[PDB]
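The block underneath contains the structure these notes are about, expressed in structure tokens.
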């Protein structure tokens with residue numbers, strides 16, 4: 001089971017602060033250290049700091065402007081990272097990771113996507129992508145779903161609640177007028193559809209929404 | 001006497017494995033380590049791994065794909081190297097060497113030529129090379145023997161069971177249509193031949209054959 | 001049993017506790033200090049032993065104030081423990097020699 | 001603090017070939033180096049610890065070597081799933097530091113794109129909007145151009161494209177091209193066409209559909 005639980009995303013207005021959480025399960029020792037790593041889009045992994053929950057002492061990267069403050073709640077096995085007075089430079093995915101005091105990160109959290117923007121949150125609209133009536137099918141058929149008008153990133157798209165993985169491509173979002181848009185592609189044998197149902201599941205952490213959109217052939 | 005005995009050669013089909021041996025004689029201590037070194041044609045010496053027979057522990061070069069597994073039989077004073085799933089990259093001479101736990105290889109085995117090929121084994125045909133009837137001799141005469149149609153390498157050519165060494169050249173084999181060919185040259189005083197017999201001895205490890213060919217003047 | 005043996009046993013157990021506590025506390029003290037090497041528990045335990053025995057190879061050592069204070073406690077506990085075993089051994093030989101006489 | 005250098009930043013290799021990633025430390029760190037793999041949109045994954053120690057769950061293909069200042073992460077016979085970013089990390093001195101990362105690229109056989117065009121949904125039109133989506137899937141090399149034509153006339157306004165990174169499933173690339181228009185603009189045009197021009201063919205692959 002997932003050892004480290006982190007929220008999917010956090011939208012923060014410039015100048016404001018946010019407190020990220022990392023909930024641990026699995027074996028826990030008084031000697032465990034919880035680390036936080038920052039990763040901006042298209043860039044590498046940057047070490048931020050660490051904390052030992054059993055004692056509460058925290059250390060921080062001295063080489064970068066100190067934006068973080070680490071704390072830990074022993075009773076809920078949750079580690080926290082307070083980031084304050086943020087700017088666009090602070091937008092990135094923040095991972096938490098567990099180190100058994102032996103130097104390496106055995107396991108990582110899924111990461112929390114933090115977005116620093118003045119824009120307001122907006123859930124995505126999911127539209128179907130079924131072939132036109134004149135498209136000729138081979139032994140395989142390609143279907144899809146359009147996910148537009150959402151903010152901030154990210155959104156998670158799965159097909160048939162995750163049971164359908166092969167032949168799936170989900171394209172990177174494009175930003176236009178403070179809103180993101182992307183489409184996801186799925187290919188199944190032409191014979192299996194529509195007899196066997198095909199549905200995409202779109203989850204948007206920032207708006208706490210998750211919707212399904214069944215793909216059926218055009219009239 | 002030869003301290004380390006290794007078979008001359010081993011032919012292995014691609015994907016198969018082979019177990020090389022290194023039999024030690026001479027002083028033997030519980031503190032001796034037997035090392036294995038690989039050398040591809042025209043290249044340097046590459047350390048593969050080591051084993052301490054008295055305990056049986058083995059260490060291996062971590063920097064290269066691990067093809068070897070070392071074992072040792074205390075009763076027969078023989079060290080073994082199991083090479084598995086070989087490709088043409090594994091064809092080379094493999095030496096075993098003894099180290100007295102003081103860092104250097106005091107003595108080396110003769111090496112085992114390992115050939116990875118789909119071709120079948122074939123013993124060499126040895127033909128004489130005597131001067132034509134019109135060749136004019138000076139104070140020295142050059143004779144020889146042709147060794148062709150063998151596979152795999154190597155073959156060892158000596159003259160008069162090794163007693164004749166000066167004035168001898170054995171040329172590198174040439175590969176054509178999955179078979180090797182080479183000739184060996186010998187020069188003796190023109191006066192001494194044919195009164196004193198001259199014979200070449202050709203040994204081919206892979207076929208377990210060793211033949212002699214007396215060189216006599218043409219009719 | 002006799003006092004010197006009990007004290008020796010007690011000193012040994014105590015020493016082991018100081019090595020364990022010291023290893024843990026050294027890492028806590030040293031992380032946060034640029035360049036510190038005494039920062040993972042397994043080698044810190046090794047470090048604590050070579051410190052308690054007074055070998056001090058120099059492969060590992062504390063650079064911070066608290067790591068050094070922890071080190072001093074480890075040193076003194078180690079010296080005291082082994083000194084106490086020596087003292088127990090002396091007591092044993094002395095008692096026996098009296099016997100050999102009467 | 002220890003600087004970890006990973007060069008080259010990108011490595012292109014052919015399938016089944018052995019590959020080696022380099023990581024150099026600014027000073028000697030014994031074997032206190034660890035390797036992580038991070039696939040697109042995924043979290044980092046421990047591959048090797050202390051330079052050469054195996055992690056359960058990781059394919060035998062992965063191995064590490066080195067000590068001192070020079071380290072290597074190797075993969076015997078690369079396959080599509082190995083496409084990702086690779087990072088080294090040291091735990092010799094405080095603070096722990098990460099290498100700058102190396103991207104793995106696989107050079108497969110050329111592949112023509114599978115093109116699919118999609119008409120706006122009834123659900124979207126109901127909101128006064130119309131998006132025509134075209135997929136250019138599983139092609140290689142990644143260089144490709146898409147052109148939109150409405151009623152035979154090339155259209156450029158309202159078009160946004162998106163390219164995936166090399167796919168860890170089959171080492172190919174894919175691209176989406178979305179032409180967004182108002183319900184009105186969409187109602188005053190008949191045919192919409194998507195054309196893909198790729199190295200694999202002198203002639204473009206075109207897909208169209210009529211609004212009727």
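The chain as shown is numbered from 1 upward.
Per deposition record, X-ray crystallography, 2.8 Å.
Cβ coordinates are placed from backbone N, Cα and C, and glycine is handled just like the others.
Feature annotations, courtesy of Swiss-Prot:
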TRANSMEM  C:7-29  transmembrane segment
TOPO_DOM  C:30-40  topological domain 'Extracellular'
INTRAMEM  C:41-51  intramembrane segment
INTRAMEM  C:52-59  intramembrane segment
MOTIF     C:54-59  motif 'Selectivity filter'
TOPO_DOM  C:60-66  topological domain 'Extracellular'
TRANSMEM  C:67-90  transmembrane segment
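Distant neighbours of the intramembrane segment (C:41-51): 18-20, 22-24, 26-27, 57, 59-61, 71, 74-75, 78; these residues of the same chain sit at least 6 beyond its ends, with a Cβ under 8 Å from one of its Cβ atoms. DSSP labels the residues of the motif 'Selectivity filter' (C:54-59) in these numbers: 0 helix, 0 strand, 6 coil. Cβ atoms under 8 Å from those of the transmembrane segment (C:67-90) belong to residues 4-5, 7-8, 11-12, 14-15, 18-19, 22, 25-26, 29-30, 33, 36, 38, 48, 51-54, 61 of the same chain, restricted to positions at least 6 beyond its ends. Note on the topological domain 'Extracellular' (C:60-66): residues 25-26, 29-30, 32-33, 35-38, 43-44, 46-47, 50 of its chain, located 6 or more positions outside it, place their CB under 8 angstroms from a CB of the stretch. Away from its own ends, the topological domain 'Extracellular' (C:30-40) comes close to residues 47, 60-64, 67 of its chain (Cβ-Cβ under 8 Å, at least six residues beyond either end).
Taken through DSSP, the topological domain 'Extracellular' (C:60-66) splits into 2 helix, 0 strand, 5 coil.
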